[PDB]
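To start, the structure under review is shown below, and the notes come after it.
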Amino acid sequence: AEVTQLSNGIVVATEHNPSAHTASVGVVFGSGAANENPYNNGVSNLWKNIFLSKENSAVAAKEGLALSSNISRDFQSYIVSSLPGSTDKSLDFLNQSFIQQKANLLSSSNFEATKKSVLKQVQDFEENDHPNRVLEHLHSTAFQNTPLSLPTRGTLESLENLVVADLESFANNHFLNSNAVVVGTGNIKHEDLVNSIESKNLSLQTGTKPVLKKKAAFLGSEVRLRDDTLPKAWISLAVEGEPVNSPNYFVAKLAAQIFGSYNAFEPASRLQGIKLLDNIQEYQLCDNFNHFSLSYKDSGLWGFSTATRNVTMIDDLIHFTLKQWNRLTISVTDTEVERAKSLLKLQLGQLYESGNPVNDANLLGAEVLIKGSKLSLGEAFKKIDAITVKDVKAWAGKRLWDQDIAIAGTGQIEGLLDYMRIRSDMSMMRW
Amino acid sequence: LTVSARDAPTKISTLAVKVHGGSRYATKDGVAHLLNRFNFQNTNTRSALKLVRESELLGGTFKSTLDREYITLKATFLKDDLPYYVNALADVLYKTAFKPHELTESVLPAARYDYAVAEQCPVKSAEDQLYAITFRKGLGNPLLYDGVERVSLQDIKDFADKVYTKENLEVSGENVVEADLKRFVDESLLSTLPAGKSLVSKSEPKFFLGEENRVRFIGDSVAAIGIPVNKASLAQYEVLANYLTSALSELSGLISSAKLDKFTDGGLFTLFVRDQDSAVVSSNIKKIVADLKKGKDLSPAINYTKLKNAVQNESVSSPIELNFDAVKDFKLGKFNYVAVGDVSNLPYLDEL
Amino acid sequence: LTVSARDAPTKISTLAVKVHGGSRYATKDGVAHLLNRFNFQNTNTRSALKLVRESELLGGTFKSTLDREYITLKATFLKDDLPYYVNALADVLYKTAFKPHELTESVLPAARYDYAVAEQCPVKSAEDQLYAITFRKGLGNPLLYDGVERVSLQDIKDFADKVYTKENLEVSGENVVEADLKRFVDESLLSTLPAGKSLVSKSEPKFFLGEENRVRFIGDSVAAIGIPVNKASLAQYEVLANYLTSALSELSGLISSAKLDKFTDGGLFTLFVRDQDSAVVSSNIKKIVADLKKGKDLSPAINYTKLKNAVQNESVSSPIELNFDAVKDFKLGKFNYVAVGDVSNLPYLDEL
Amino acid sequence: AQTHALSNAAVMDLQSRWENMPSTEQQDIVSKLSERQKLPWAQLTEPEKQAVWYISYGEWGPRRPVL
Amino acid sequence: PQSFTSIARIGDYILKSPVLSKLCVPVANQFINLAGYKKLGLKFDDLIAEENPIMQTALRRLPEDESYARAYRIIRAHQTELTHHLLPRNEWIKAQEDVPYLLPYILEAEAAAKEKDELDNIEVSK
């Protein structure tokens, strides 16, 4: 399905969907918040809001175009959406506003206003979005003193000292042909997109991105942000996981699907075939939880997140969930593996067939920027169907059984026990 | 009983059953909310627990959604499991148990949570107030159940028999072989449903203009306006909604939200201003209504609207085709107004 | 500084200080309610506990009451402790402590109890909206404090500095020698108060006719109507209220309550219909409105209303002087309307 | 020469950040500070002055101690 | 279990006497330095025992900003003592920062409780 060409230093990747009603083109760079430093943290967040500023969007609206941008730890993207008969109109807008003529966007009275608004978005996030700011501190403590520990939005102190010359420095080092992929998804054709870049002579700078010194290194630790005025307790807990291109990439995702997610107020979520629900529903230990498997270029995280109002029984919630992780290493049934196989395929099928061309562009560019190509959905289903119980036991034995953990929490967390008490629950003396 | 589907080379399929049984057809306040929360409970041949456990091993999920026009039952699954989910959806509409202990243990507590999370948002409170004063009975009926009017188990049973008829539902599928779906629907329990009558009327809904309402609230302040729209003006107010929120308008920084809700016989236009300071809300709404009374040119926003329309109509299988090509100008006339929050410091209608 | 008293050979005396500081003069929502619940706390010379214990051994009590026009400080005691209770009230208006921990521990919890009690009554709710839609910012201010608008400790101190002035209060007494009261009112801390200005405005307030409002409520349904009254037509509506709730009228069986609240610049006429079943409320209110539109003869009820007015005025000291000798007829014109309860089964204004 | 000062995010604490900086980003800081030293020295800022002293005589690279 | 009203009454008489102030205050300053609670980052008002109703009332009426700061000084002192060390010299509490912040709240609560005891044992003459 997907086609990738290297006509020049830039790479062109596409995904033709003839039964769609929109098209999207854009550029994805192989740099994110992991390519900054504590003192300029949030520069890549400021660049996203410059692309989506009022003056830039007014020009695109008059032509019937919509702008989208996303910042991650390993990549950032700038997308333009349009009707199927106006693909060359979007390529021209991307060229004249981003690839070249970037000084008018970076003008004064536009940098100042955009900077003032981003400072407000960051302050609100740090005071209202408790479940998401806890997951950001989990990265901060698991990979402390490392590129992989910097928040994707920046901090109030990095942004407050950012100045006029700081944004131009970053784009020189990172917005280059060797660091970029041009992506077209929706009702577009590979031949029609390549024939348009070769005519307009589109090209970025011809440098090379700097090479970092350190690498990602997991360290067992914890950070606690207690706040007795909040009504709940939010907690995140994880061990070291798998990076992308790991052989055990789908085993770790299947292992997270065995315990899944839960919502106390949804009647159908209380009937799921998860044995953990039998210990936590009698006394209402939590309101919701979800298990994840995050994968980056160098490392990853594997764990779960919870929000609860039962502040006097937090230890029971942590004790019971970790004792269920113990069964992956020693005793996990065939039915649990077969059920998780069917729910992982459904979950992946929804993510890669959402029908939104903007979502597909982000997933396509990020995959090509690392692996060089993109694995087919049918090929992924074959690998998922081949996992056995012996593969789960081997994986969990080396990653989960008696291993260090990282913990982050906020709210009413007086009932969360010490590190060593929680750490000692990662195995058991009975086996 | 209309069946339609579109095929594709894709591993995931979706099946939806749309019933004209929304809150605008409710005999009692919240009777449609209680039937929606009662959907995937025990049936006469299978239990709720058995359905969840069996469907999980096959890779599928269920969902029931309620709005002012429809009750929708949705199933997302792997492609080859189509005949299993046709019978599962047919059994829900045919032989639901309606046990007395299921209402007190699962259905009533779930409806309390939906009402609790909607009474804390001032924008949702203001929208329901605008629907009430524009249309009084019908489209102005309350959406959720709050216990103001007593609804019993027999009322939910009676409402279901009225709406779950052969002539009052439509079946549609995505990534489904249309020839195969018709055969499975034909030999399922759907074909043995009663042939009742369609609840949708072909006339226009009576509306009222120049109304007002104020509600006290602890939190953010909200000011809103509402305009009933007929069938001929649907495209004009669709451009107006996208023009006001986009970057083509100077008023976009003062408008929190703006949208047009489209029905078969008309629609309603809504515009919201929300902030934690009452003085900011008061100054913004006055500037918005004074600028719209002078007039606007909605021509530069036609192409932008065409793209946004195709984005949200991608999933909808029955979208009404609008023109957008004959839209020139707009001029504000009469409208409804609602204020929620610090009402002792918000403007009145006569001051706008 | 007006002082007046009436004498009698009795055992108990009463002293009242009326301040033009009611809810209609509040700068913020509920700031007058909060000043009412701080009236007998600690002063700068005597504690609240000491005052309660000392007056109990002398035979007296204290109270403070709030309405939409007045704040009233009252003392009931034995006839021979007059000088003690003059200074106790003078110290309240002069040197109240206004401590930060008195508001957190005593005043705010007392105000929450008052608000929760009045909220459970649908008749109090319907009367509040009738005042709000008839007069918007004058007599329409909320009576009690509910926390919708933030009120700080400095706000209460500022409000007291404005209403506790020598030109804004009157002193009255029952079974009290007037010459002795005047002596004790002087040589007191009342004579050292700031001489501000009277907050009373003589002009007739602005009113609005033909308004409506609806509130959903769990309990009893209530339908009410309200009519603003000028200064020259107070007697006509005084006879009508007594006639409508007497044995002389056939509508008295369908009416729950009816009254005329009198001010120095006008009044408001209120009529309430309350029942558990919303079908009776809808039927009763329609019959009352239609009958009043035809017209009623109020001459038979003039003598009855002369005696009833004498009963109420015995306790009051400054009642409104009325005549009742020229009241002949009545015909209903325009009015405001509020519906509280199961509003989906209660009529609208256009249907009455 | 390049006249505008180097921003505070660039040279805030040069001594603490120098060892972990990528090499190509180290060369860019040196290039800009070489044009800045051609101006009269009373104009230069303190972080700029502490950077030029550290890069020449700082206890790194060749000046790494025996133990 | 000596009341702070008694301590203040004796202490003031020393401070208003020119002769006694010059001989007693120098001794008290050396007494405080040798006590060494400032080297743990604490003020004296943090050392008062709190398991009585009088001190539970005073701590309730303390403003939030003062209450949050006090909780940090107490936690920091427990961890410093845990390690058998002192704080770095630049983190020590200065003399100008060791102010009686909680004393006015304690005296106000003590005066109320004494007046309640004198009214419960009241005797009416004549």
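The chains in the structure tokens are called A, B, ... from first to last as shown; in each chain the residues are counted from 1, and the ligands are counted from 1 in the order shown.
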
Open item on the list: What's around residue E:106 at 10 Å? Count only C-alpha atoms, leave out sequence neighbours fewer than 6 positions away in its own chain, and write the answer as a PyMOL selection string.
Closed with: chain E and resi 3-5+54-59+61

TODO: Extract, using only C-alpha atoms, all DNA, RNA and protein residues at most 8 Å from residue C:13, discarding same-chain residues fewer than 4 positions from it, and format them as number ranges by chain.
DONE: C: 76-79, 173-176

Task: One-decimal distance in Å that lies between atom CA of residue A:138 and atom CA of residue D:14 - done: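 For atom CA of residue D:14 relative to atom CA of residue A:138, the distance reads 28.4 Å.
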
TODO: With a distance threshold of 12 Å and counting only C-alpha atoms, extract the residues of chain D near chain A and express them as an MDAnalysis selection string.
DONE: chainID D and resid 4:14 16:29 32

- [ ] Tell me which protein, DNA and RNA residues are within 12 Å of residue E:40, counting only C-alpha atoms, leaving out same-chain ones fewer than 3 positions away, and put them as a ChimeraX atom specification.
- [x] /E:35-37,43-44,46-47,73-94

Task: Contact residues (chain C, partner chain E, 9 Å, only C-alpha atoms) as a VMD selection string - done: chain C and resid 47 49 to 50 53 57 100 to 101

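Distance check against chain B using only C-alpha atoms: of C:237, C:207, C:217, C:348, the minimum falls on C:217.
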
- [ ] Give me every strand (DSSP E) residue in stretch 36-235 of chain C, going by DSSP on the backbone, as a PyMOL selection string.
- [x] chain C and resi 60-66+71-78+169-174+212-216+221-229

Task: Residues of stretch 30-64 of chain E in alpha helix (DSSP H), written as number ranges by chain - done: E: 30-35, 53-60, 64

TODO: Name the residues in contact with residue B:166 at a cut-off of 6 Å, using only C-alpha atoms, excluding same-chain residues fewer than 4 positions from it; report them as number ranges by chain.
DONE: B: 1, 193-195
